[PDB]
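Just the one chain here, the form deposited in one PDB entry, laid out as structure tokens.
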């Protein structure tokens, strides 16, 4: 039993296996999957991302060296630089996601053993219904993004079909759109790893509330098998394990998350800018305007997908703080349970469960307020000049 991963977390692991973001061998256990590092899939991922990056660079050069008037996607020198920056940052995100995948998956197994131990101590992580709901949500997001990407590709190819270069744009941007798909699959993978960890933290909070209830294999499906004195110690150990796992996830996904946030800034500055520039000046294009609106919505959705599970984890930490306070008010004053609650309070004060990619920022809802605050500041400056 090396890893024994399952649920919606293992669904995105199989999906990202083909994208190169999870080079694992999936052994079905009729309930979950036992995943191990495979060198064949690692080599496949490396060669796939290298080929895609080479093709993307070649297409960027071919769309830059053609000129300005002849190119369809790029129509100005400023548009050439910003589109080149977009392509380069997307390629960098994909390269960080795929090249760093085998190390990330090794870390994943390394903390998944402890996650398996914690789940055994608590009992399950999700019900079947909510696991199916999460899988359906992941599939809906992935299919929506894939449909938008295909529509954008088809629109930009048909627009170039009037000139005659209907295949040149395809050759220049197939790798770019594959890299887009890889980047969003990586975003979904991080989001669902964080969501599974947050579910485990929620179960830990439920166990604390249960040992508060004093009904009387710590948790069963409620009641409490062990006395509250040792249950609190076991829960403190499990919370330290969860903190270690959250730190491991943040370390594994820090660089991709930072580059994704930078890409989100760039896109939320650029796509609304050209969307507005195509409104006030002259629309003349329903499909382009609809695509730009959908791309703005998709960038906002990607930022939300990145941020929201981290906010939920922080909220679960606040909830366990509240539960611990309610515990400390109760319980015999001089008893041994009170000192266990004191130790748990010291643990809660010393370390908290949060996501800080590379330490530059804290993934939470206040971060997206700063992002949208900066985006509007640049947009107000940029738009008012034209």
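Residue numbers count along the first chain shown, from 1. Throughout, rigid core stands for the largest set of C-alpha atoms superposing within 1.5 Å between the two forms.
Note that the form deposited in another entry isn't included here; everything after this is about it.
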### Task
Identify which of 171, 146, 130, 166 has its C-alpha displaced by 2 Å or more between this form and the one not shown once the rigid core is superposed.
130
### Query
Does superposing the core leave residue 30 with a CA shift of 2 Å or more between this form and the one not shown?
yes
### Per-residue C-alpha change between this form and the one not shown, residue 378, threshold 2 Å, rigid core fit
yes
### Message
So the CA-CA distance for residue 255 and residue 125 moves by at least 3 angstroms in that other deposited form. Closer or farther than here?
### Response
farther
### Message
Please check whether, in that other deposited form, the CA atoms of residue 142 and residue 126 lie closer or farther apart than here, given a change of 3 Å or more.
### Response
farther
